[PDB]
(Lines of atoms letter the chains of each structure in order from A and count residues from 1; the text may use other names and numbers.)
(Lines give C-alpha, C1' and ligand atoms only; values in the text may rest on other atoms or scores of the structure.)
Protein backbone atom coordinates (compact mmCIF):
# COMPACT_ATOMS: atom_id res chain seq x y z
CA UNK A 1 0.00 0.00 0.00
CA UNK A 2 2.00 3.02 -1.38
CA UNK A 3 1.28 6.72 -0.58
CA UNK A 4 3.94 9.24 -1.64
CA UNK A 5 2.04 12.15 -0.05
CA UNK A 6 -0.43 13.07 2.63
CA UNK A 7 -4.06 12.59 1.77
CA UNK A 8 -5.26 15.29 -0.57
CA UNK A 9 -1.71 16.38 -1.48
CA UNK A 10 -0.37 15.93 -5.03
CA UNK A 11 2.91 14.20 -5.84
CA UNK A 12 5.34 15.99 -8.21
CA UNK A 13 9.06 15.33 -8.69
CA UNK A 14 9.73 14.12 -5.16
CA UNK A 15 7.53 16.70 -3.37
CA UNK A 16 3.95 17.00 -2.18
CA UNK A 17 1.70 20.01 -2.93
CA UNK A 18 -1.44 21.12 -1.12
CA UNK A 19 -3.94 23.49 -2.82
CA UNK A 20 -5.94 25.51 -0.30
CA UNK A 21 -9.71 25.70 -0.86
CA UNK A 22 -10.04 28.94 1.12
CA UNK A 23 -8.21 32.26 1.20
CA UNK A 24 -5.79 34.00 3.52
CA UNK A 25 -3.28 36.80 3.68
CA UNK A 26 0.35 36.07 2.85
CA UNK A 27 1.51 35.73 6.50
CA UNK A 28 -1.31 33.51 7.50
CA UNK A 29 -0.64 31.45 4.42
CA UNK A 30 2.90 30.88 5.67
CA UNK A 31 1.51 29.90 9.05
CA UNK A 32 -1.05 27.54 7.63
CA UNK A 33 1.69 25.74 5.75
CA UNK A 34 3.92 25.76 8.78
CA UNK A 35 1.15 24.12 10.82
CA UNK A 36 1.41 21.09 8.49
CA UNK A 37 5.16 21.16 8.56
CA UNK A 38 5.31 22.62 5.05
CA UNK A 39 6.49 25.73 3.24
CA UNK A 40 4.43 28.24 1.27
CA UNK A 41 5.37 26.94 -2.11
CA UNK A 42 8.93 27.56 -3.27
CA UNK A 43 9.58 27.11 -7.00
CA UNK A 44 12.70 25.22 -8.01
CA UNK A 45 11.95 23.91 -11.45
CA UNK A 46 10.10 24.89 -14.63
CA UNK A 47 7.90 21.80 -14.47
CA UNK A 48 6.74 22.67 -10.93
CA UNK A 49 5.94 26.21 -12.09
CA UNK A 50 3.91 25.06 -15.06
CA UNK A 51 2.06 22.54 -12.96
CA UNK A 52 1.14 25.15 -10.26
CA UNK A 53 0.46 27.97 -12.73
CA UNK A 54 -2.21 25.93 -14.47
CA UNK A 55 -4.06 24.76 -11.35
CA UNK A 56 -3.71 28.18 -9.94
CA UNK A 57 -5.22 29.72 -13.05
CA UNK A 58 -8.32 27.57 -12.81
CA UNK A 59 -8.88 28.57 -9.15
CA UNK A 60 -7.93 32.21 -8.98
CA UNK A 61 -5.07 34.33 -7.69
CA UNK A 62 -2.77 32.32 -5.37
CA UNK A 63 0.18 33.05 -3.12
CA UNK A 64 3.60 31.55 -3.38
CA UNK A 65 6.40 31.80 -0.80
CA UNK A 66 8.19 34.70 -2.42
CA UNK A 67 8.50 38.18 -0.93
CA UNK A 68 10.63 41.25 -0.79
CA UNK A 69 9.61 42.15 2.73
CA UNK A 70 13.17 42.19 4.07
CA UNK A 71 14.81 44.24 1.40
CA UNK A 72 12.82 45.89 -1.37
CA UNK A 73 13.21 44.43 -4.87
CA UNK A 74 15.24 41.64 -3.44
CA UNK A 75 12.81 38.75 -3.77
CA UNK A 76 13.44 35.98 -1.26
CA UNK A 77 11.91 32.55 -0.81
CA UNK A 78 10.58 31.74 2.65
CA UNK A 79 13.75 29.52 3.15
CA UNK A 80 16.03 32.54 2.63
CA UNK A 81 17.35 31.68 -0.88
CA UNK A 82 17.27 34.42 -3.52
CA UNK A 83 15.14 34.30 -6.67
CA UNK A 84 17.36 32.52 -9.20
CA UNK A 85 17.70 34.66 -12.30
CA UNK A 86 16.49 31.73 -14.47
CA UNK A 87 12.88 32.17 -13.07
CA UNK A 88 12.83 35.83 -13.85
CA UNK A 89 10.88 34.99 -17.08
CA UNK A 90 7.71 33.91 -15.20
CA UNK A 91 6.83 37.45 -14.10
CA UNK A 92 3.85 38.76 -16.13
CA UNK A 93 4.42 41.82 -18.31
CA UNK A 94 3.82 44.82 -16.16
CA UNK A 95 5.30 43.02 -13.17
CA UNK A 96 6.56 43.47 -10.59
CA UNK A 97 5.37 47.03 -10.13
CA UNK A 98 4.47 49.23 -7.07
CA UNK A 99 7.78 48.32 -5.37
CA UNK A 100 7.51 49.17 -1.66
CA UNK A 101 3.69 49.02 -1.90
CA UNK A 102 3.33 45.39 -3.20
CA UNK A 103 5.60 42.98 -1.49
CA UNK A 104 4.16 39.46 -1.89
CA UNK A 105 4.12 37.34 -5.04
CA UNK A 106 1.13 35.50 -6.47
CA UNK A 107 0.34 33.35 -9.45
CA UNK A 108 -2.05 35.31 -11.73
CA UNK A 109 -3.32 33.91 -15.01
CA UNK A 110 -0.35 32.82 -17.05
CA UNK A 111 2.45 34.36 -14.80
CA UNK A 112 3.47 36.04 -11.57
CA UNK A 113 2.43 39.31 -9.94
CA UNK A 114 3.34 41.30 -6.85
CA UNK A 115 0.49 42.18 -4.55
CA UNK A 116 -0.45 43.68 -1.18
CA UNK A 117 0.44 41.16 1.48
CA UNK A 118 -2.73 41.91 3.43
CA UNK A 119 -4.92 40.65 0.62
CA UNK A 120 -6.63 37.30 0.96
CA UNK A 121 -5.86 34.62 -1.65
CA UNK A 122 -5.63 30.92 -2.25
CA UNK A 123 -2.29 29.41 -1.25
CA UNK A 124 -0.19 26.33 -1.93
CA UNK A 125 2.04 24.25 0.36
CA UNK A 126 5.09 22.23 -0.39
CA UNK A 127 6.91 19.57 1.55
CA UNK A 128 9.05 16.54 0.62
CA UNK A 129 7.50 13.21 -0.54
CA UNK A 130 8.02 9.81 1.11
CA UNK A 131 9.17 6.79 -0.96
CA UNK A 132 7.69 3.45 -1.77
CA UNK A 133 10.41 0.68 -2.06
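Positions refer to the first chain, counted from 1.
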When mean C-alpha B-factors in the record are compared for 93 to 101 and 39 to 47, the larger belongs to 93 to 101
Given 69, 52, 32, 66, identify the residue with the highest C-alpha B factor in the PDB entry. 69
Check where residue 25 lands among this chain's C-alpha B-factors and tell me if it's the lowest, middle or highest third. middle
Assert third(CA B-factor, residue 76) within chain per record equals lowest
